[PDB]
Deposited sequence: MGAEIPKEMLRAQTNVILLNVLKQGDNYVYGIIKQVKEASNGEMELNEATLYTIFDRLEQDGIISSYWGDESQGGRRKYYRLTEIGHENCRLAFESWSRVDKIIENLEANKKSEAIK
């Protein structure tokens, strides 16, 4: 093989954009797509089949939950479990980059 960008990474990246927008506040899939496509500058053309499968299997793990809002929108919110999972992920990752800081500046 050789040098690619592993598809597992692109999956991970769209997941991180997701719970950033959800972190920023609850939302419905339509709005999610529009917001991402306009932070993307148009180069983030999410499709809702992916959002719905991603969300279904994101909750079996309790990381978000959903509620109902003559349009009735299925909104999504970030569970406090997800909030602290995200928070302590950031703090451990900040620790990791400080360790890289220290390896580089060492020698």
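Asks: Let me make sure I understand the coverage. Which parts of the deposited sequence, in order from the N-terminal end, have no C-alpha coordinates here?
Replies: Coordinates drop out over 70-73, 112-117.
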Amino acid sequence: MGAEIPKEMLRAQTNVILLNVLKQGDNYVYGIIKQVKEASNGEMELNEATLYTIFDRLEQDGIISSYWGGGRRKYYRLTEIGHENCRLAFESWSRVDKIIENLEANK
From here on, numbers count along this sequence of modelled residues.
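Asks: With reference to the PDB entry, specify whether the mean Cα temperature factor is higher for 24-32 or for 57-65.
Replies: That would be 57-65.
Asks: So 48-56 or 77-85, which one's hotter by mean CA B-factor in the entry?
Replies: For C-alpha atoms only, the mean B-factor is higher in 77-85.
Asks: If you rank the chain by CA B-factor, which third does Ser92 end up in: lowest, middle or highest?
Replies: Within its chain, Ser92 is a middle-third residue by C-alpha B-factor, going by the deposited values.
Asks: Sort the modelled residues of this chain by their C-alpha B factor and say whether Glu104 lands in the lowest, middle or highest third.
Replies: Highest third - that is where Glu104 ends up once the chain's C-alpha B-factors are sorted.
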